[PDB]
Amino acid sequence: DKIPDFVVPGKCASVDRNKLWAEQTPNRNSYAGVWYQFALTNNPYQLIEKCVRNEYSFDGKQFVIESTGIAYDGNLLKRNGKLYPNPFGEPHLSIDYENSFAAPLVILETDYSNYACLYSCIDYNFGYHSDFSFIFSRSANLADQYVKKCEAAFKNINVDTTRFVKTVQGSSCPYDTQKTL
Amino acid sequence: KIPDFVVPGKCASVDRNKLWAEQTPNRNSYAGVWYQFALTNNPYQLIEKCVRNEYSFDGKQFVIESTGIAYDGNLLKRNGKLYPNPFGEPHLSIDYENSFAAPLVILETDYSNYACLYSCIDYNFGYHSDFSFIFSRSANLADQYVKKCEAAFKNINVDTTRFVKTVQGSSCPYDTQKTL
């Protein structure tokens, strides 16, 4: 039987969240600014297809996010999000978007000034999980040397990195318009 | 051949503002114990049988302790919260430990006997998944109340033939559950 490639046998991987939380908590401000989605694994919840540009502002307690790009129907779209600590005190963040749902998000690795590797995972009641991974860049392109760092990080928690698909970015994108939305 | 909980089209419009206006003043009456009477197929629900949800309202949100028999036959406790949607939208978020948070609308409730609850998420490919529940204040629920819920789901075009009854009653260790 065929199932989607983002439904995978087994339980979500462990991820040493307490380590990452302690490393990231004092650096929150540095995570703010603009991040471009360089690539992601197949994700049925993402409404923005191309030129995905995420603007993060940090208010000391959470990040407010303005995500923009071209939707699957070819129109420009702006979505409003928030990233805040998980409400039960677990050492991870919730990413929540307006008119959507919220999901756990771990920053598996970032150097803050070039790239970030992101990960979210959900267990089902029937012996499978679904995970969603992103590679984020501070610019429209990202050098092979940083892509490999994410690839290693994902490979290490057992994610099939052949699942990554590159997002359209670059001078074909109307970034100046997107920022006015 | 897709799961019966992946449905064509966009999530339904549900008159959330009308609901919110009704329920806001009555939040305290929504606390206490609610049994899951029936639900549509849900892959995120870890508790299979004897599902008992205890709600406490602290003024801003509800704190939830959900208990019952897991799919492996063991007893399970899950901690949840229910709070206003953080963007200011007129609905609630239901959020469970080591899970995710989803929008939750109470389509109808009389507080003393039943509640009909609904959650919907849209996909980028033109389909949605919705999850529906019938809650009761007792292990059983009279027919007249089930029917009110069936009417409310029908009104939003949910196919009520998707509902399955949850095991409750004699076979359940509620006394032990209360203890977890």
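First to last, the protein sequences are chains A and B. Sequential numbering from 1 applies to the first sequence in the authors' numbering. Sequential numbering from 2 applies to the second sequence in the authors' numbering. Even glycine gets a Cβ: it sits at the ideal position worked out from N, Cα and C.
On the premise that residue j lies in contact with residue i, defined as a C-beta separation below 8 Å, what is that separation, rounded to the nearest angstrom?
i, j, result
"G81(A)", "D59(A)", "Their Cβ separation, rounded to whole angstroms, is 14 Å, which puts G81(A) and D59(A) out of contact at 8 Å."
"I135(B)", "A39(B)", "4 Å"
"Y146(A)", "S30(A)", "At roughly 16 Å, the Cβ-Cβ gap does not stay under 8 Å, so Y146(A) and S30(A) are not in contact."
"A71(B)", "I107(B)", "Contact doesn't hold; Cβ gap of about 26 Å is too wide."
"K2(B)", "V168(B)", "Rounded, the Cβ-Cβ distance is 28 Å, inconsistent with contact."
"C117(A)", "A153(A)", "5 Å"
"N86(B)", "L93(B)", "6 Å"
"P91(A)", "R17(A)", "4 Å"
"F126(B)", "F101(A)", "Their Cβ separation, rounded to whole angstroms, is 16 Å, which puts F126(B) and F101(A) out of contact at 8 Å."
"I157(A)", "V15(A)", "6 Å"
Which residues bound the beta strand (DSSP E) around residue i?
i, result
"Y56(B)", "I48 to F58"
"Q37(B)", "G33 to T41"
"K82(B)", "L76 to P85"
"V7(B)", "First-last for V7(B): undefined, no H or E at that position."
"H129(B)", "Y128 to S137"
Starting from residue i, trace the alpha helix (DSSP H) in both directions and tell me its first and last residue.
i, result
"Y175(B)", "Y175 to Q178"
"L20(B)", "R17 to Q24"
Helix, strand or coil, according to DSSP, for residue i in the structure here?
i, result
"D144(A)", "helix"
"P104(B)", "strand"
"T167(B)", "coil"
"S67(B)", "strand"
"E98(A)", "coil"
"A116(B)", "strand"
"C12(B)", "coil"
"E109(A)", "strand"
For residue i, I'd like the list of residues in its chain whose CB is within less than 6 Å of its CB, leaving aside the five on either flank, ordered along the chain.
i, result
"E55(A)", "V34 and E66"
"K149(A)", "none"
"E151(A)", "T161"
"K166(B)", "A39"
"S137(B)", "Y36, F38 and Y115"
"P9(B)", "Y128"
"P4(A)", "none"
Beta-carbon within less than 8 Å of residue i's beta-carbon, same chain only, minus the 5 sequence neighbours each way: which residues are those?
i, result
"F132(A)", "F6, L40, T41, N43, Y45, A103, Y119, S120 and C121"
"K78(A)", "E66, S67, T68, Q178 and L181"
"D123(B)", "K11, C12 and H129"
"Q24(B)", "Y31, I107 and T110"
"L76(A)", "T68, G69, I70, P174, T177, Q178 and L181"
"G170(A)", "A140 and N141"
"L105(B)", "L83, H92, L93, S94, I95, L118, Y119 and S120"
Identify, in the order they occur along the chain, each residue of the same chain with its Cβ nearer than 7 Å to the Cβ of residue i, setting aside the five sequence neighbours on each side.
i, result
"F63(A)", "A32, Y56, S57, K82 and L83"
"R28(B)", "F58"
"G89(B)", "none"
"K155(B)", "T161"
"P26(B)", "none"
"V159(A)", "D131 and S133"
Is there at least one Cβ from chain E nearer than 7 Å to residue i's Cβ?
i, result
"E98(A)", "Looking at the structure shown, chain E is missing, and the protein chains on hand are A and B."
At a cut-off of 6 Å, would you count residue i as near the ligand SAH, judging by its Cβ distance to the nearest heavy atom?
i, result
"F164(B)", "For the ligand SAH, the structure offers nothing, since it holds no ligand at all."
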